[PDB]
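Report on one structure; see the data block that follows.
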Amino acid sequence: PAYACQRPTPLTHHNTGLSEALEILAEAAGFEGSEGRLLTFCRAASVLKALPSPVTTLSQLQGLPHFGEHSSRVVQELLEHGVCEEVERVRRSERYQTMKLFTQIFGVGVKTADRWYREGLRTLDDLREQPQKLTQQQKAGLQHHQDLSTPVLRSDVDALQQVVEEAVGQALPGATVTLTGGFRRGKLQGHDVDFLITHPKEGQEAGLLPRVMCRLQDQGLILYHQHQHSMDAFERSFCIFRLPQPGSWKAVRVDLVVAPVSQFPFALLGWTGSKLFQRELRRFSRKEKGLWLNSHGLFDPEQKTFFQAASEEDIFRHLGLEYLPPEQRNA
DNA sequence: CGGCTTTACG
DNA sequence: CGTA
DNA sequence: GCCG
Ligand SMILES: Nc1nc2c(ncn2[C@H]2C[C@H](O)[C@@H](COP(=O)(O)NP(=O)(O)OP(=O)(O)O)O2)c(=O)[nH]1
Ligand SMILES: [K+]
Ligand SMILES: [Mg+2]
Ligand SMILES: [Mg+2]
Ligand SMILES: [Mg+2]
């Protein structure tokens, strides 16, 4: 199928080297402001992730969506020689390495990274030498960069889920906490931990994060937090937690999002990802079904009505798609 | 060409 | 501009 | 970069 939401995409697969190479080119395209090329290379990579066995010959690419001349050439060289010269050229280029370093800082996007690169900056120390030019978010991302570069593990997730569950339960009787993001899709490692919070009585979830954050801050667990007030915007908090470790601690990015229970299935679907799965699903909804999907709902612009969903299964059914559990959304 | 997910908040 |  |  042409859309990633039409096919199961497991976390581990049979074309790891080929997908890795295409995702290098996708990332590099993004660094150069070519978001169309990034999307195609990402889609091509995801098609290989969905295949039931390894690609060993070029003919297997015939008929595969999103494989044109460029993506096919990359696979051809990897099959024939074990490397793709274009990919290796990107890997060792100063532009790619610096843009990857900068864009992985919390608070730095492609545009900021590119400006810093054009200004001649190249290292984290170059950034630190002019703290007056950094936002508070970027200061926090640099302050904690080493820890934030360290993979978050399942044991960290379990520990953070307990402290968030404890704080949410202290802030609002009856509130629930659901692990979302990459760990819900079965990832064993990740860049952060994402939690979705709700309450079974519509409206009772309002005003929750300030209470949650105060209780976390009084335990000394919050190194950074950025709160966004709240339906078409959820209350959200992008945090850096201080996570205890044997004899020490490490900083961990944690995202908290609160949804009213009426919108919980849409929030869970959106925050579970993957990012490409989400994009593909929303593209499918609009272009194939004429319905507008976001993290709050599913809108019929002809009838001018929102679909009330009680589950992710409801949403897949309303879109005419076979249900995919989170572990098969690893597009 | 025209499109490419989503979009309020800080 | 940045954040999911 | 690929699709229509
Ligand atoms: N609308 C929108 N949703 C996004 C975007 N990026 C991600 N999402 C959605 C889809 C994402 O799955 C979800 C959580 O975002 P992460 O925590 O940044 N990523 P994940 O947990 O998958 O992996 P890891 O943390 O290990 O890097 O938010 C975006 O630019 N826009
Ligand atoms: K970043
Ligand atoms: Mg173009
Ligand atoms: Mg995450
Ligand atoms: Mg996150």
Side-chain angles (χ1 to χ4, degrees), chain A residues 2-5 22-23 25-30 32-47 61 64-75 86 102-116 133-141 148 180-182 184 190-197 209 224-240 253-259 263 266-289 291-299 319 331:
Chain A
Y3 290 84
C5 58
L22 294 167
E23 288 181 333
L25 297 182
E27 186 184 17
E32 301 313 300
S34 297
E35 289 289 321
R37 294 178 165 83
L38 174 151
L39 182 51
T40 280
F41 282 134
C42 283
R43 289 174 177 155
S46 191
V47 162
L61 295 180
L64 291 188
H66 308 293
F67 270 87
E69 176 186 357
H70 196 150
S71 300
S72 298
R73 182 173 76 252
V74 170
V75 171
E86 177 185 14
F102 286 172
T103 57
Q104 292 181 160
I105 300 165
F106 181 56
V108 179
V110 171
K111 283 175 175 303
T112 299
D114 172 67
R115 179 170 59 76
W116 288 345
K133 299 205 65 179
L134 302 176
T135 70
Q136 292 308 110
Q137 192 169 72
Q138 288 161 355
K139 280 179 190 152
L148 297 189
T180 181
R184 182 171 183 243
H191 113 281
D192 75 358
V193 194
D194 308 283
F195 294 110
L196 171 61
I197 303 163
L209 254 27
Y224 172 93
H225 75 113
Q226 169 161 73
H227 181 238
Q228 300 188 335
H229 284 83
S230 70
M231 170 169 315
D232 51 21
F234 299 130
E235 194 177 26
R236 347 149 96 188
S237 285
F238 316 119
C239 310
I240 301 177
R253 277 276 291 110
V254 174
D255 290 328
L256 307 182
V257 55
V258 184
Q263 300 190 355
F266 296 103
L268 181 65
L269 182 62
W271 277 74
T272 293
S274 72
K275 180 180 179 161
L276 178 63
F277 184 85
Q278 173 187 292
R279 298 169 77 157
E280 291 280 289
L281 181 67
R282 291 168 183 194
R283 187 170 64 98
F284 176 89
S285 183
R286 179 181 296 268
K287 306 297 189 180
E288 307 303 328
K289 304 297 171 163
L291 306 170
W292 303 348
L293 175 65
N294 63 24
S295 292
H296 298 273
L298 182 60
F299 185 69
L319 293 173

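Residue numbering restarts at 1 for every chain, and letters A, B, ... go by the order of the sequence lines. Excluded from the calculations below are hydrogen atoms, water molecules and symmetry mates; all remaining heavy atoms, backbone and side chain alike, are included.
Applying the 4.0 Å criterion to OP1 and OP2 of B:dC4, one finds that A:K287 has a side-chain N or O inside that range. Distances shorter than 4.0 Å separate some side-chain N or O of A:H70 from OP1 or OP2 on D:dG1. In this model, the phosphate group of C:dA4 is approached by a side-chain N or O of A:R253 to a distance below 4.0 Å at OP1 or OP2. OP1 or OP2 of B:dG10 has at least one side-chain nitrogen or oxygen of A:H229 nearer than 4.0 Å. Side-chain nitrogen and oxygen atoms of A:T112 include at least one within less than 4.0 Å of the OP1 or OP2 phosphate oxygen of C:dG2. Look at A:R37 and you won't find any side-chain N or O under 4.0 angstrom from OP1 or OP2 of B:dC4.
Comparing C:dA4, B:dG10, B:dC4 by their closest approach to the side chain of A:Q228 singles out B:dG10. Counting only heavy atoms from C-beta on, A:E69 has its side chain closest to D:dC2 among C:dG2, D:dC2, C:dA4. Residue A:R279 has its side chain nearest to B:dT5 when only D:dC2, B:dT5, C:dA4 are considered. Relative to the side chain of A:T40, the nucleotides D:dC2, B:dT5, C:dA4 differ in distance, and D:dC2 lies closest. Each of B:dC4, C:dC1, D:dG1 was ranked by its minimum atom distance to the side chain of A:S71; first place goes to D:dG1. Of the listed nucleotides (C:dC1, B:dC4, C:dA4), C:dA4 has the atom at the smallest distance from the side chain of A:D194. Residue A:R43 places its side chain closer to B:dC4 than to any other of B:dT6, B:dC4, C:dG2. When distances are taken from the side chain of A:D255 to each of B:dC4, B:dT6, C:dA4, the shortest belongs to C:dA4.
Rounded to an integer number of Å, the gap from CG of A:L298 to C1' of B:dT6 is 14 Å. Distance, A:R236 CZ to B:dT7 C1': 9 Å, rounded to whole Å. Separating the CZ atom of A:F234 from the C1' atom of B:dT6 is a distance of 12 Å, rounded to the nearest angstrom. With rounding to whole Å, A:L281 atom CG is found 15 Å from B:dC4 atom P. Rounded to an integer number of Å, the gap from A:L39 CG to B:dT6 P is 12 Å. D:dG4 atom P lies 8 Å from atom NE2 of A:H66, rounded to whole Å. Rounded to whole Å, atom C1' of C:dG2 lies 14 Å from atom CD1 of A:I240. In this structure, A:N294 atom CG and B:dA8 atom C1' are separated by 11 Å, rounded to whole Å.
Between A:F41 and A:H70, the ring center distance clears the sub-6.0 Å criterion.
At the heavy-atom level, A:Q137 lies under 4.0 Å from the strands shown only through sugar-phosphate atoms. Across all strands, A:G68 comes closer than 4.0 Å only to sugar-phosphate atoms, never to a base (heavy-atom distances). As judged by a 4.0 angstrom heavy-atom cut-off over every strand, A:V108 is placed among residues touching the sugar-phosphate backbone only.
Remark: the backbone N or O of A:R37 is not paired with any side-chain donor or acceptor of A:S34 at under 3.5 angstrom. In terms of modelled atom types and a separation under 3.5 Å, the side chain of A:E235 and the main chain of A:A259 share no donor-acceptor contact.
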* To do: Determine, stepwise, if the pair A:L38 / A:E35 fulfils side-chain contact (heavy atoms from CB on, under 4.5 Å).
  => CA-CA 5 Å; A:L38 174 151; A:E35 289 289 321; 4.3 Å; yes
* Asked: Passes side chain to side chain donor-acceptor pair (under 3.5 Å), A:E288 versus A:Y3? Steps please.
  -> CA-CA 10 Å; A:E288 307 303 328; A:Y3 290 84; 2.6 Å; yes
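Distance noted for atom P between D:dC3 and B:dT5: 15 Å (whole Å). Here, C:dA4 and B:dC4 have their P atoms 23 Å apart, quoted to the whole Å.
Side-chain to base pairing of A:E280 with B:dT5: no donor and acceptor N or O lie closer than 3.5 Å to each other. Judged by distance alone with a 3.5 Å cut-off, a donor-acceptor contact links the side chain of A:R282 to the base of B:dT5. Residue A:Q226 places no side-chain atom within donor-acceptor reach of the base of C:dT3, judged by atom type and a 3.5 Å distance cut-off alone.
Between A:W292 and A:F299, the ring planes are tilted. Angles from 30° to 60° get that label.
Nucleotide B:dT5 shows a negative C1'-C2'-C3'-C4' value and thus a south, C2'-endo-like sugar. In terms of the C1'-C2'-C3'-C4' torsion, B:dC1 has a south-puckered sugar. The angle is below zero.
A cation-pi contact, defined as under 6.0 Å to the ring centre and within 45° of the axis, links A:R253 to A:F106.
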